[PDB]
Every structure is written in C-alpha cells, then in structure tokens.
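Chains as they are written, first to last, in UniProt numbering: chain A, 16 to 125; chain B, 16 to 125; chain C, 16 to 125; chain D, 16 to 125; chain E, 16 to 125.
Ideal Cβ placement from N, Cα and C applies to all residues, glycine included.
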Amino acid sequence: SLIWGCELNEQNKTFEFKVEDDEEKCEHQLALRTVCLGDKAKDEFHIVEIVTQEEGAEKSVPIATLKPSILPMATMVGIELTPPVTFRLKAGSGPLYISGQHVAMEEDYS
Amino acid sequence: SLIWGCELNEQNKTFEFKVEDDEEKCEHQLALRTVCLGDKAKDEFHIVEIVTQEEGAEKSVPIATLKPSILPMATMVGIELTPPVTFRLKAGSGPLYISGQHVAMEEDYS
Amino acid sequence: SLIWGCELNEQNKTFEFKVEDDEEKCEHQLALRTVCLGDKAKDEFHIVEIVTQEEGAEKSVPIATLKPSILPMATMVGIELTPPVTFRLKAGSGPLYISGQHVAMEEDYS
Amino acid sequence: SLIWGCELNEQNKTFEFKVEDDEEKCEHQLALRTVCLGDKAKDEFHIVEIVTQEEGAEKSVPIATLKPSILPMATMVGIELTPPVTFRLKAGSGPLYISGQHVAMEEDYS
Amino acid sequence: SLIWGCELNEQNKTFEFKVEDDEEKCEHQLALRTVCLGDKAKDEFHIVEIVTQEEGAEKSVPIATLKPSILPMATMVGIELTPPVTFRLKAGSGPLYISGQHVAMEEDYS
Numbered sequence: 016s017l018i019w020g021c022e023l024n025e026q027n028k029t030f031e032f033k034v035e036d037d038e039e040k041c042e043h044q045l046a047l048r049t050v051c052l053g054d055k056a057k058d059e060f061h062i063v064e065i066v067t068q069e070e071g072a073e074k075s076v077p078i079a080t081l082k083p084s085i086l087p088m089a090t091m092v093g094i095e096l097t098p099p100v101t102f103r104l105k106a107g108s109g110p111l112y113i114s115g116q117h118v119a120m121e122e123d124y125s
Numbered sequence: 016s017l018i019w020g021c022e023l024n025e026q027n028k029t030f031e032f033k034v035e036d037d038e039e040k041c042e043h044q045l046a047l048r049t050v051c052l053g054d055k056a057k058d059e060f061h062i063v064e065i066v067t068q069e070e071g072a073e074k075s076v077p078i079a080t081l082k083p084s085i086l087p088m089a090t091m092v093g094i095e096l097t098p099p100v101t102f103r104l105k106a107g108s109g110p111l112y113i114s115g116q117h118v119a120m121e122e123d124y125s
Numbered sequence: 016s017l018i019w020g021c022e023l024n025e026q027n028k029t030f031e032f033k034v035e036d037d038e039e040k041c042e043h044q045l046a047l048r049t050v051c052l053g054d055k056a057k058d059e060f061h062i063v064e065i066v067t068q069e070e071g072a073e074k075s076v077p078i079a080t081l082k083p084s085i086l087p088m089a090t091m092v093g094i095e096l097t098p099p100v101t102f103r104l105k106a107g108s109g110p111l112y113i114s115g116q117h118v119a120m121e122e123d124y125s
Numbered sequence: 016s017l018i019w020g021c022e023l024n025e026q027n028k029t030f031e032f033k034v035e036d037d038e039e040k041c042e043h044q045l046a047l048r049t050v051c052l053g054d055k056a057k058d059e060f061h062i063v064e065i066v067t068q069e070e071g072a073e074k075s076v077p078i079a080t081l082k083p084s085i086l087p088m089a090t091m092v093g094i095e096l097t098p099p100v101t102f103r104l105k106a107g108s109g110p111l112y113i114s115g116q117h118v119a120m121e122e123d124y125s
Numbered sequence: 016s017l018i019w020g021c022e023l024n025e026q027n028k029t030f031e032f033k034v035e036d037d038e039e040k041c042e043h044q045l046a047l048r049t050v051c052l053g054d055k056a057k058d059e060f061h062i063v064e065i066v067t068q069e070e071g072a073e074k075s076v077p078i079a080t081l082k083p084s085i086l087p088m089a090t091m092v093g094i095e096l097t098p099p100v101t102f103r104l105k106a107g108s109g110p111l112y113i114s115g116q117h118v119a120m121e122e123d124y125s
C-alpha cells in the first residue's frame, strides 16, 4: 500500500489514476480514504467523479460532493479504483484533493 | 462490478433497478454507495425509498433523507439491491441522485 | 431480511419489536439502519431508546438523538435487536421513525 | 452482550467500567456504541476519555468530544473496554452519557 | 494494543510515531481512532498529514482537516501507521491532537 493523492480543479479538471505499463502487470488498486476541498475551492457544492466507458455510452462514477460551509471534507472509505481510471469534476471548480493508497505488488528483483 | 447511477424527482418520482431478462439469469446486485441532492432539489428533507411487495400489503424500503442545508449528500454504503427493485421518493421533489455499482456476472461467450 | 420500520411519538411513545410466537421459534433479529425525525417532530433533541430489564432494575438502551436543525436523521448501523424488545422515547415528542430489516428465517412449508 | 450506559459530569467527573470479581473470571468487555450530551451539558466541547496506567506514567484514552451546537452526539463504534477501565472528562462539565454493551459470558449454574 | 496520543501545533508542527529500536524488532503499528482540535487551535481548517518518502520525491499522507466551527473533531478510524512515521501540519497552527492505539507485541521475558 504505497500512498497516493491528487487534486481536481479548473486547472486540473481531469486527472487519472494510472499505473505504469510495466507496473500494471500485477494487480494494482487505489483504495481511497478521504476527499478535502483545496484552498482555492469556491463556496459551492463541488462534485468529484470518475470517468470510464461502458457499452460505448459515456458514463462517470460520482465520488463525492463537498462545500466549505457544510462538508469541506469527507471520508472516501470503501471506494477503490483499478487503474487506469480517469478523474473529473462533475461540478465545481476545485481544488478538490482526493486521498488514498495505491495498492501495488512488486516482484523479487534481487 | 459495472457502475450505476440514477435520479428520482418530480419528473422521475419512480424508477427501477432492473437487469435484463437475459442478464437476470446470473446473480445480479446493485451495491449502493452514495446519494446526493440534484441541482433542482428543494430545500427540504427529500427521502429516497425502495418499492417492493410483501404478503400482498404495500411496503417500501426507506434509503436516505437529504437536505442541502444539512445533509445534501450521504454515503449509502451497506445497501444492496437485487433486481428488479423499484425506486420512489418517500418525500421531496428531487433530483436525488443514487449512486452505486451494478454487480453483474457474464458467461464466456467467446 | 424482511424490512421493518416504526415510529415513536407522544401518541406512540412506546412500541415493541416482537416476532410472532410461532415465528419466534427461529433466530429473529432487527438490524437497524437509520432513524429520522417525523413531520410533527418538535425542534428539540428527541432521544430514542430501548426498554428491557436487567437483574430486576429498570434500564433502557439509548439508540439515537435527533434535532431537525442539526441532526434530523442519523444512520443506526451496527444496532441489532433480538425480539421482543421494547421501544421508548427517552426524550422528545416524536415522530421519530426507526428503520431497519427484520431478519427472519422460515422453514420449508411446501 | 448485556447492555450498558453511564454518564460523566461535574458530579460524576470520574466513573469506571468494572465487572464483579466473581464475574471477572471470564473474558468481559464493553463494546461502546454512542456518546451523547446530557440535558445539563454546557455549550462547549466536552471531552470524554479513559483513565488507566502505563509504565507508571499517568495516561488516558480520549474517547469523544461533543458540543450541542455542532456534535451533541457521536457514534462510539469500534471502541471496546476490558474491565476495569476508569472514565474521566478530559474537558467539559457533562453529563456526557456513554452507551455500549457489556459483553459478558456466564457458566452453566444449573 | 497500548494506547497512544500526540499533538501537532506551531510549537510541535512536526512529530513522529516511532517505536524503540529494541521494540521495533516486532511488528508495531499505530491504529488511529480520532483527531480533535486543541484549546489553542485557530478558527481555520487545520490539516494533519504524515511525512514519509517515496522514490526520493517528497510526499505526505493527509490525515484530517478540522475547524472548531464545523468539524473540531473527526474519527480517524481505518488509519494505521507502521513506525517510524513522521507527523506534520499540512495546514493550520494546532494543537491538533491525534489519538490511537500503539499495537505492540512483546516477547516472553520471564
């Protein structure tokens, strides 16, 4: 369980949890823990979602909704991602920081 | 675990998590994760429930209650649905978006 | 897991989760999920508790405390009741609706 | 799982979860569930902790922090005590009620 | 499960969960439970994080964000640390108290 974090904002509205092609050989995940508003986040309900594809029709996984006045930070426990997995802001301007741990296995290279 | 979402509102007060009859042959579920108020949701306590039937007397499963000022979004973890399962708004006007993952198994069609 | 709900208020200050004597033969439970204030609930901290008996001295299990302005609804996860189990309002006027699922096993009556 | 509750306040700043010496022969616990402010609690952040001893240097286990305006009640799930275990108010005046279930095993005395 | 707590503030912006080299021989952890603002904490969103190192590029694990007016205290359940693990305040002035239990095994020294 290496440890992972990123942000989504108007400057980084989209992101991606992707593991290196060499590293992707193993089973890799990203077990998310928390999502917290950034310093430049607007006072509105910013929504973090995932972008993927199903049956050719565009789709996304809503992850969280945050607002500094009510819910600036929430616990994203029970949410895991199998890389590659795109990140997007369904709503808001960010920065919405997403935390977690990149679960990655490594072979014996000794 | 394909990934799933819908909304309930005055325009869609009722919905249903149903898997296709061909797909229903396998064990299908919908493990819910979160429920979040929509952009057009009223500032009141909107309640999301499920509609089913027991012993011929009408019944529903209350899923969540949300309000933009207090609890616009909640985590619907530990809630799973076996399709078909109707959705309804016990109270409110919506849109109340319900998230989750449609757990579906597929046979080898190669 | 049949599904269950009730309310406690000045009209129903006390209630009971009881399974029928014929049904009680099996192991029956009521896994609670959520507790939500009713439409007629006062703007105060209404407390839901259970009534039982220990060593002959009167006792109760506090389940929840709710207020429309702060915590109108809470998740009563991890709380399970073995029938019969009385319900009472430690404080408040209700209606405080208690949700859950009545876990009940049935024999083969074919 | 017998069921347990107590309060800590200026009148009862300290308490203890202790099982009777005769009962202590078995493995006894107190799985805590919730902590809620009392009727006489002040509008400040009252902190509930445990008192014990380690390596001869005084120590305590902070359990919770509550305030009527923000967090009058919280879920103390995942917290278990092995009796005897002293209770104290790290901060506040109480009453802070602590809930739970005293898990106790009994031999066959028939 | 010995029991553990510390604080991070302008006076202690950095800390560390480290087990003694003699004690480190066994598998040691620190299962965190809660994080609560101190008496001298400013009315802003103080962020607690961990400091470590990955692939030579500096990094940290954000643990929590707290504010007395909204979220003075939160439950840090599901978070565990393998010593040594540095603590830092990503934002804020503290004191932000971090609770938990130091899980430590000891050999038979009789």
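By the neighbour-count criterion, in which 16 or more other beta carbons inside 10 Å mark a residue as buried, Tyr-112/E falls on the buried side. Around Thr-90/A, the same chain offers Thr-49 as residues with beta carbons nearer than 6 Å, after the five sequence neighbours per side are excluded. Cβ contact annotation for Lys-33/A (same chain, cutoff 6 Å, sequence separation greater than five): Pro-98, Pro-99, in chain order. Interface residue (Cβ-Cβ distance to chain B less than 8 Å): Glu-69/A is classified as such.
Using a CB distance cut-off of 8 Å, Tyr-112/D counts as an interface residue toward chain C.
Look at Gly-93/E: its C-beta is under 8 Å from a C-beta on chain A. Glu-59/E carries a coil assignment under DSSP once its states are collapsed to helix, strand and coil.
Check the Cα spacing between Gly-107/C and each of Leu-17/C, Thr-29/C, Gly-20/C, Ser-16/C: the tightest is with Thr-29/C. Among the CB atoms of chain B, none fall inside 8 Å of the CB of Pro-98/A. Scanning its chain for C-beta atoms nearer than 6 Å, with the 5 sequence neighbours on each side dropped, one finds around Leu-47/D the residues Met-91, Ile-94, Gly-115, in chain order. Listed in chain order, the beta strand (DSSP E) runs fully inside the UniProt domain "Nucleoplasmin core" (18-118) of chain A are 19-23, 29-32, 44-52, 61-69, 72-81, 88-96, 100-106, 111-118, counting runs of at least 3 residues. A distance of 8 Å or more separates the beta carbons of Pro-77/E and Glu-69/E. For the options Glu-121/A, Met-120/A, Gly-109/A, the alpha carbon positioned closest to that of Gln-26/A is the one of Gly-109/A. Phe-32/B does not reach chain C, its nearest Cβ partner there being about 16 Å away, counting only Cβ pairs nearer than 7 Å. Chain-ordered, the chain A residues with CB closer than 7 Å to the CB of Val-76/E read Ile-18. Within chain A, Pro-87 have C-beta atoms less than 7 Å from the C-beta of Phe-60/E, given in sequence order. With respect to chain D, the C-beta atom of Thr-80/C has a partner C-beta closer than 8 Å.
Buried is the label assigned to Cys-51/A, since at least 16 other Cβ atoms lie within 10 Å of its Cβ. Exclusion of the five residues before and after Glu-22/A leaves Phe-30, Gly-53, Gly-109, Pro-110, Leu-111, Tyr-112, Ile-113 as the residues of its chain whose Cβ lies within less than 8 Å of its Cβ.
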